[PDB]
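S.K.: Here we go, the starting part of the complex in its complex frame:
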Amino acid sequence: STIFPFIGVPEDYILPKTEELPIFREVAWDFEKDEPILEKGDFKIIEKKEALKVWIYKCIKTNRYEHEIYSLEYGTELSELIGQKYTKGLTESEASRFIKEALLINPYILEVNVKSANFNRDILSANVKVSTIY
C-alpha cells in the first residue's frame, strides 16, 4: 500500500500475480434431447471446449428481450428475420452482426467470424468460426 507504481515499479518489488481466467467448467448437456446428463447418479461436469459448446448453444437458442430474468445483453435477435421481413442482402448482414454481437460477451471468446452464407428454398445456411483462449 506504500509503493507508487504509476511512473515505474521498484526493482525489488515483486508483482503479486498475473491475472488469468480459471478453467471454464459447465454441467454437461445433450443436444438431441435437451437435458442435463447424469453420471453415476450425479451431474457430469465437462471443461474447456465442450463447456464452451454448451454455453454457445444455450446463448444462440434464446431470445433477447423475451425474459425478465436476463439483462439486455444476453440473447439473439435472429427471430426478427423469419418470414423475409428484410431483403436477402440485408438479412445476411443482420444475421452476421446479430451472431457476432451475441457471442462476443463471453470473456473466454476472442473473435467470431461468419464466413459462408447461402440461400436454398426457405433455409439459410452459414459457417461460424469461434476462436477461444484454449
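M.R.: Everything's here; your move. Residues are numbered from 1 along each chain as shown, chains lettered A, B, ... in the order given.

S.K.: Sticking with the closest residue in space to residue A:29 that isn't next to it in sequence, tell me its helix or strand.
M.R.: Distance criterion Cβ to Cβ, 6 or more residues apart in numbering; nearest residue to residue A:29, sequence neighbours excluded, is residue A:54 at 4.7 Å. Just so you know, the C-beta spots here come from the backbone N, C-alpha and C atoms, and that holds for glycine as well. According to DSSP states H and E, residue A:54 maps onto helix A:49-61.

S.K.: How many neighbouring residues does the residue nearest to residue A:70 when sequence neighbours are not counted have?
M.R.: Nearest residue to residue A:70, sequence neighbours excluded (Cβ to Cβ, 6+ apart): residue A:62, at 7.6 Å. Residue A:62 has 14 neighbours, counted by other Cβ atoms under 10 Å.

S.K.: buried sites along the helix or strand just after the helix holding residue A:54?
M.R.: Downstream of helix A:49-61, the first helix or strand assigned by DSSP H and E is helix A:88-103. Within helix A:88-103, the residues that qualify as buried are A:91-92, A:94-96, A:98-99, A:102-103, counting by 16 or more other Cβ atoms under 10 Å.

S.K.: residues in contact with the residue nearest to residue A:29?
M.R.: A:26-29, A:46 (Cβ atoms under 8 Å, 6 or more residues apart in numbering).

S.K.: now for chain B, put it on the one above:
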Amino acid sequence: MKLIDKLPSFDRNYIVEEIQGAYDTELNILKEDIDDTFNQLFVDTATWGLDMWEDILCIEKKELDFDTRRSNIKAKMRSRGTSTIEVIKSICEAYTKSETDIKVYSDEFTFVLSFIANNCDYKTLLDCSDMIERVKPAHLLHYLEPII
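M.R.: Putting chain B together with the chains above:
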C-alpha cells in the same frame, strides 16, 4: 408450474421442472406465512398474537378462549379516557355482541343496561358486570337486564 415460465423453452425437461416445482411450493408457503403475520396485526383476526396485545395493555390472564381475550382487550381500550353513557354502552356491547339500551334512575341512583342475551353466556355476563363495576362511578347502582 409457475417458475418454469421464466425460462427459455429448452428447459422443459423433467429435472428442471422438479427443481422449479420445489421452489414453487416453498414460495407459496412463504407468502401464506406473510399473510398470516399481517392478519395477526388486527385485534379481531389475531389468534396467536394476542399475547403481544396483553403485553401492551399489561393485563395478566389465564388462557380460556379467543373471543374472551379479544373482548377483554377491546373493553380495556374502550374504558380508558372519558366515561359517559356511550362508553358504558360500548363496553356492554363489546361483551354482549348486541345492541344495548340504558335507562337511568337519578332519584334512586340506579341505572339498568338492557340487551338481547339469546347468545350470551353466564360467565361472559359476569365478566362484563365485573368490568362495569370497576369502571362505573362508585355511588351508582348497576343492574343487568338480559332479554331472552
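
S.K.: With chain B now part of the structure, what is the answer for the neighbour count of residue A:62?
M.R.: 19 (other Cβ atoms under 10 Å in any protein chain shown).

S.K.: Over to residue A:78?
M.R.: Residue A:78, neighbours per other Cβ under 10 Å, totals 17.

S.K.: can I assume it is in contact with residue A:98?
M.R.: Yes - here residue A:78 reaches residue A:98: they are 5.7 Å apart, a contact under Cβ atoms under 8 Å.

S.K.: got a list of what residue A:57 touches?
M.R.: A:29, A:31 (Cβ atoms under 8 Å, 6 or more residues apart in numbering or on different chains).

S.K.: Enumerate the residues of chain A near chain B.
M.R.: A:33-36, A:58, A:61-63, A:66-69 (Cβ under 8 Å from any Cβ of the partner chain).

S.K.: which one of the residues you listed has the most neighbours?
M.R.: In these, the most neighbours by other Cβ under 10 Å go to residue A:62, 19 neighbours.

S.K.: Got phi/psi on residue 42?
M.R.: Reading this off chain A. Dihedral angles of residue A:42 (phi, psi; degrees, to the nearest 10) stand at phi -160, psi 160.

S.K.: ah, I was thinking of chain B
M.R.: Residue torsions, per degrees, to the nearest 10, at residue B:42 are phi -100, psi 150.

S.K.: same check, this time on the one 4 residues further on
M.R.: Recorded main-chain torsions at residue B:46 are phi -70, psi 130, according to degrees, to the nearest 10.

S.K.: please slot chain C in as well:
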Amino acid sequence: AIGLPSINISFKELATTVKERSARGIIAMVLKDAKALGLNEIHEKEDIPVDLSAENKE
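M.R.: Below is chain C, added to the chains above:
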C-alpha cells in the same frame, strides 16, 4: 412434413489445413479385419465405419 420454424446447430472441429484437390492424396490402406468385409471411402473422421476394432480406427 412441414413444422414450426426453428434454429439448427451442428458442431465441427476447427481444422486450419485444407484438403488438397489433386489426384494425389489418395492413400490405399489394406488391413485385416473379420467384421467389415467391404470397401470404404473415407473423406473425414465422422464417416469411419462403426463396430471396427479400435486398433484399426487409430
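
S.K.: ok chain C is in now, so what about the neighbour count of residue A:62?
M.R.: By other Cβ under 10 Å, neighbour count at residue A:62 equals 19.

S.K.: I'd say it and residue A:77 touch.
M.R.: No - between residue A:62 and residue A:77 there is no contact under Cβ under 8 Å: 10.8 Å.

S.K.: if we can go back for a sec, show me how far the helix holding residue A:54 is from its chain's centre.
M.R.: 7 Å (Cα atoms, centre = their mean, to the nearest Å).

S.K.: Same question for the longest helix seen in chain B: list its buried residues.
M.R.: Longest helix in chain B by number of residues, with DSSP state H as the criterion: helix B:14-39. For helix B:14-39, a neighbour-count test (16 or more other Cβ atoms under 10 Å in any protein chain shown) marks B:16, B:20 as buried.

S.K.: Check stretch A:72-87 too.
M.R.: Those would be A:74-78, A:81, for stretch A:72-87 by 16+ other Cβ under 10 Å.

S.K.: do stretch A:101-111 as well
M.R.: A:102-103, A:109.

S.K.: Run the chain-centre distance for it.
M.R.: The answer for stretch A:101-111 is 5 Å, by Cα atoms, centre = their mean.

S.K.: cool, stretch A:117-127 as well?
M.R.: Worked out by Cα atoms, centre = their mean, stretch A:117-127 lies 22 Å from the chain centre.
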